[PDB]
Amino acid sequence: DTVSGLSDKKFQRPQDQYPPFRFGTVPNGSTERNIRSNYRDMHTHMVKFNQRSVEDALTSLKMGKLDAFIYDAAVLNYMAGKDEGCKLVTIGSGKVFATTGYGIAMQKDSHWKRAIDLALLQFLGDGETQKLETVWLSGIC
Amino acid sequence: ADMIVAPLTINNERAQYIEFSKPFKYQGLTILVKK
Ligand SMILES: *[C@@H]1O[C@H](CO)[C@@H](O[C@@H]2O[C@H](CO)[C@@H](O[C@@H]3O[C@H](CO)[C@@H](O)[C@H](O)[C@@H]3O)[C@H](O)[C@H]2NC(C)=O)[C@H](O)[C@H]1NC(C)=O
């Protein structure tokens with residue numbers, strides 16, 4: 001690896017002669033809020049972003065436009081898993097910063113939450129989420 | 001007791017009688033072998 005995450009001085013201090021620049025961070029989504037809330041200096045420097053989704057960002061990176069991409073964990077892992085050859089993310093076990101999870105958003109205090117949540121717990125309990133992982137999210141590398 | 005602050009596992013059997021909170025650490029299940 002070349003960068004130790006969000007604590008490296010290269011990211012934390014954008015004043016290098018060789019300025020490793022333009023992590024994707026598609027604007028006006030979710031991780032941009034975290035960046036703009038915690039440390040404003042990247043958000044100030046970070047302007048050479050991508051105007052499209054990961055699909056354009058990955059080809060731009062392969063073409064040499066930018067050398068770093070900062071985005072979600074699951075989608076980036078899937079993209080890396082489904083590729084000719086392989087494009088490697090940083091150390092995967094430690095590449096999950098600001099851990100959270102997906103979920104279903106409903107109206108404030110609705111009675112469905114009592115049942116659908118327990119259904120989801122059951123689903124994770126019997127292993128029926130597991131073979132969905134095999135079927136839908138897999139790659140060669 | 002009025003609260004449980006401990007490594008409590010969230011599952012179906014407990015959610016029927018308890019209102020939990022969002023997880024603060026994810027974990028799974030492994031096995032221990034002497035080596
Ligand atoms: C993030 O929020 C912005 C806020 O609207 C979303 O739209 C972008 O914001 C710009 C700046 O307000 C908008 O520019 C507009 O462009 C039209 C056509 O050129 C012009 O007639 C207007 O007066 C205004 O300047 C525009 O709606 C849009 N930006 C572009 C380049 O189209 C944006 O969709 C949200 N999400 C993202 C990922 O940016």
# chains A, B, ... in the order shown; residues from 1 in each chain; ligands from 1
>>> interface_residues(of="chain A", to="chain B", cutoff="10 Å", atoms="only C-alpha atoms", output="NGL selection string")
:A and (99-101 or 114-115 or 117-125)
>>> select_by_dssp(residues="chain A", states="alpha helix (DSSP H)", output="PyMOL selection string")
chain A and resi 9-12+31-38+40-45+54-63+74-81+112-126+130-136
>>> residues_around(residues="segment 39-55 of chain A", least_positions_apart="3", cutoff="12 Å", atoms="only C-alpha atoms", output="ChimeraX atom specification")
/A:6-15,19-29,31-36,58-62,65-72,75-80,83
>>> decode(residues="chain B", atoms="N, CA and C atoms", output="PDB file, in the first residue's frame")
ATOM      1  N   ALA B   1     -32.740  -4.267  37.125  1.00  0.00           N
ATOM      2  CA  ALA B   1     -31.817  -3.479  36.324  1.00  0.00           C
ATOM      3  C   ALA B   1     -32.618  -2.566  35.410  1.00  0.00           C
ATOM      4  N   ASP B   2     -31.979  -1.476  34.984  1.00  0.00           N
ATOM      5  CA  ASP B   2     -32.601  -0.532  34.068  1.00  0.00           C
ATOM      6  C   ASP B   2     -31.882  -0.431  32.733  1.00  0.00           C
ATOM      7  N   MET B   3     -30.683  -0.993  32.615  1.00  0.00           N
ATOM      8  CA  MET B   3     -29.943  -0.993  31.363  1.00  0.00           C
ATOM      9  C   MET B   3     -28.905  -2.099  31.438  1.00  0.00           C
ATOM     10  N   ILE B   4     -28.474  -2.563  30.271  1.00  0.00           N
ATOM     11  CA  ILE B   4     -27.431  -3.575  30.167  1.00  0.00           C
ATOM     12  C   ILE B   4     -26.338  -3.004  29.281  1.00  0.00           C
ATOM     13  N   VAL B   5     -25.192  -2.693  29.873  1.00  0.00           N
ATOM     14  CA  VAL B   5     -24.061  -2.202  29.102  1.00  0.00           C
ATOM     15  C   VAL B   5     -23.008  -3.299  29.083  1.00  0.00           C
ATOM     16  N   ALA B   6     -23.074  -4.168  28.080  1.00  0.00           N
ATOM     17  CA  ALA B   6     -22.253  -5.368  28.028  1.00  0.00           C
ATOM     18  C   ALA B   6     -22.287  -5.910  26.607  1.00  0.00           C
ATOM     19  N   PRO B   7     -21.345  -6.783  26.243  1.00  0.00           N
ATOM     20  CA  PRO B   7     -21.360  -7.349  24.886  1.00  0.00           C
ATOM     21  C   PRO B   7     -22.530  -8.289  24.652  1.00  0.00           C
ATOM     22  N   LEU B   8     -23.727  -7.736  24.485  1.00  0.00           N
ATOM     23  CA  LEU B   8     -24.935  -8.522  24.289  1.00  0.00           C
ATOM     24  C   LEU B   8     -25.186  -8.727  22.802  1.00  0.00           C
ATOM     25  N   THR B   9     -25.420  -9.975  22.409  1.00  0.00           N
ATOM     26  CA  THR B   9     -25.681 -10.293  21.013  1.00  0.00           C
ATOM     27  C   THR B   9     -27.149 -10.063  20.677  1.00  0.00           C
ATOM     28  N   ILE B  10     -27.385  -9.457  19.517  1.00  0.00           N
ATOM     29  CA  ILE B  10     -28.724  -9.133  19.043  1.00  0.00           C
ATOM     30  C   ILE B  10     -29.216 -10.297  18.195  1.00  0.00           C
ATOM     31  N   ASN B  11     -30.414 -10.797  18.498  1.00  0.00           N
ATOM     32  CA  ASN B  11     -30.990 -11.899  17.740  1.00  0.00           C
ATOM     33  C   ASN B  11     -32.509 -11.853  17.860  1.00  0.00           C
ATOM     34  N   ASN B  12     -33.164 -12.834  17.235  1.00  0.00           N
ATOM     35  CA  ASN B  12     -34.623 -12.862  17.200  1.00  0.00           C
ATOM     36  C   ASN B  12     -35.206 -13.108  18.586  1.00  0.00           C
ATOM     37  N   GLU B  13     -34.598 -14.013  19.356  1.00  0.00           N
ATOM     38  CA  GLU B  13     -35.177 -14.426  20.630  1.00  0.00           C
ATOM     39  C   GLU B  13     -35.296 -13.279  21.623  1.00  0.00           C
ATOM     40  N   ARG B  14     -34.425 -12.277  21.531  1.00  0.00           N
ATOM     41  CA  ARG B  14     -34.426 -11.167  22.474  1.00  0.00           C
ATOM     42  C   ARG B  14     -35.219  -9.962  21.992  1.00  0.00           C
ATOM     43  N   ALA B  15     -35.335  -9.770  20.676  1.00  0.00           N
ATOM     44  CA  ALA B  15     -35.987  -8.578  20.151  1.00  0.00           C
ATOM     45  C   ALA B  15     -37.479  -8.547  20.450  1.00  0.00           C
ATOM     46  N   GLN B  16     -38.078  -9.689  20.785  1.00  0.00           N
ATOM     47  CA  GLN B  16     -39.510  -9.720  21.058  1.00  0.00           C
ATOM     48  C   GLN B  16     -39.858  -9.075  22.393  1.00  0.00           C
ATOM     49  N   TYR B  17     -38.904  -9.008  23.322  1.00  0.00           N
ATOM     50  CA  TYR B  17     -39.149  -8.467  24.651  1.00  0.00           C
ATOM     51  C   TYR B  17     -38.211  -7.328  25.025  1.00  0.00           C
ATOM     52  N   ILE B  18     -37.343  -6.891  24.113  1.00  0.00           N
ATOM     53  CA  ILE B  18     -36.349  -5.862  24.393  1.00  0.00           C
ATOM     54  C   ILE B  18     -36.270  -4.906  23.210  1.00  0.00           C
ATOM     55  N   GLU B  19     -36.123  -3.620  23.512  1.00  0.00           N
ATOM     56  CA  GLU B  19     -35.821  -2.603  22.511  1.00  0.00           C
ATOM     57  C   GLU B  19     -34.320  -2.346  22.548  1.00  0.00           C
ATOM     58  N   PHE B  20     -33.610  -2.829  21.531  1.00  0.00           N
ATOM     59  CA  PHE B  20     -32.157  -2.713  21.471  1.00  0.00           C
ATOM     60  C   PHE B  20     -31.755  -1.340  20.938  1.00  0.00           C
ATOM     61  N   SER B  21     -30.466  -1.182  20.644  1.00  0.00           N
ATOM     62  CA  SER B  21     -29.931   0.020  20.028  1.00  0.00           C
ATOM     63  C   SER B  21     -29.148  -0.373  18.786  1.00  0.00           C
ATOM     64  N   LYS B  22     -28.745   0.629  18.013  1.00  0.00           N
ATOM     65  CA  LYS B  22     -27.938   0.354  16.835  1.00  0.00           C
ATOM     66  C   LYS B  22     -26.603  -0.249  17.261  1.00  0.00           C
ATOM     67  N   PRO B  23     -26.097  -1.241  16.535  1.00  0.00           N
ATOM     68  CA  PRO B  23     -24.861  -1.908  16.959  1.00  0.00           C
ATOM     69  C   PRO B  23     -23.694  -0.939  17.016  1.00  0.00           C
ATOM     70  N   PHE B  24     -22.832  -1.132  18.013  1.00  0.00           N
ATOM     71  CA  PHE B  24     -21.621  -0.338  18.133  1.00  0.00           C
ATOM     72  C   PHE B  24     -20.358  -1.112  17.787  1.00  0.00           C
ATOM     73  N   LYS B  25     -20.471  -2.395  17.451  1.00  0.00           N
ATOM     74  CA  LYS B  25     -19.329  -3.179  16.999  1.00  0.00           C
ATOM     75  C   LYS B  25     -19.843  -4.462  16.370  1.00  0.00           C
ATOM     76  N   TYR B  26     -19.429  -4.725  15.135  1.00  0.00           N
ATOM     77  CA  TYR B  26     -19.856  -5.917  14.418  1.00  0.00           C
ATOM     78  C   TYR B  26     -18.885  -7.066  14.658  1.00  0.00           C
ATOM     79  N   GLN B  27     -19.439  -8.266  14.807  1.00  0.00           N
ATOM     80  CA  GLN B  27     -18.629  -9.444  15.082  1.00  0.00           C
ATOM     81  C   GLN B  27     -19.366 -10.678  14.581  1.00  0.00           C
ATOM     82  N   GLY B  28     -18.621 -11.773  14.459  1.00  0.00           N
ATOM     83  CA  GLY B  28     -19.175 -13.028  13.990  1.00  0.00           C
ATOM     84  C   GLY B  28     -18.918 -14.189  14.928  1.00  0.00           C
ATOM     85  N   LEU B  29     -18.548 -15.344  14.376  1.00  0.00           N
ATOM     86  CA  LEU B  29     -18.337 -16.549  15.167  1.00  0.00           C
ATOM     87  C   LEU B  29     -17.189 -17.347  14.571  1.00  0.00           C
ATOM     88  N   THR B  30     -16.191 -17.659  15.397  1.00  0.00           N
ATOM     89  CA  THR B  30     -15.062 -18.478  14.976  1.00  0.00           C
ATOM     90  C   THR B  30     -14.868 -19.604  15.983  1.00  0.00           C
ATOM     91  N   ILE B  31     -13.800 -20.376  15.790  1.00  0.00           N
ATOM     92  CA  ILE B  31     -13.485 -21.520  16.636  1.00  0.00           C
ATOM     93  C   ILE B  31     -12.043 -21.400  17.102  1.00  0.00           C
ATOM     94  N   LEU B  32     -11.750 -22.000  18.251  1.00  0.00           N
ATOM     95  CA  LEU B  32     -10.444 -21.893  18.885  1.00  0.00           C
ATOM     96  C   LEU B  32      -9.728 -23.235  18.808  1.00  0.00           C
ATOM     97  N   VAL B  33      -8.520 -23.241  18.238  1.00  0.00           N
ATOM     98  CA  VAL B  33      -7.715 -24.452  18.123  1.00  0.00           C
ATOM     99  C   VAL B  33      -6.289 -24.149  18.558  1.00  0.00           C
ATOM    100  N   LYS B  34      -5.713 -25.072  19.323  1.00  0.00           N
ATOM    101  CA  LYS B  34      -4.395 -24.874  19.909  1.00  0.00           C
ATOM    102  C   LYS B  34      -3.325 -25.063  18.844  1.00  0.00           C
ATOM    103  N   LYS B  35      -2.410 -24.103  18.755  1.00  0.00           N
ATOM    104  CA  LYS B  35      -1.363 -24.138  17.743  1.00  0.00           C
ATOM    105  C   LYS B  35      -0.151 -23.324  18.176  1.00  0.00           C
TER     106      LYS B  35
END
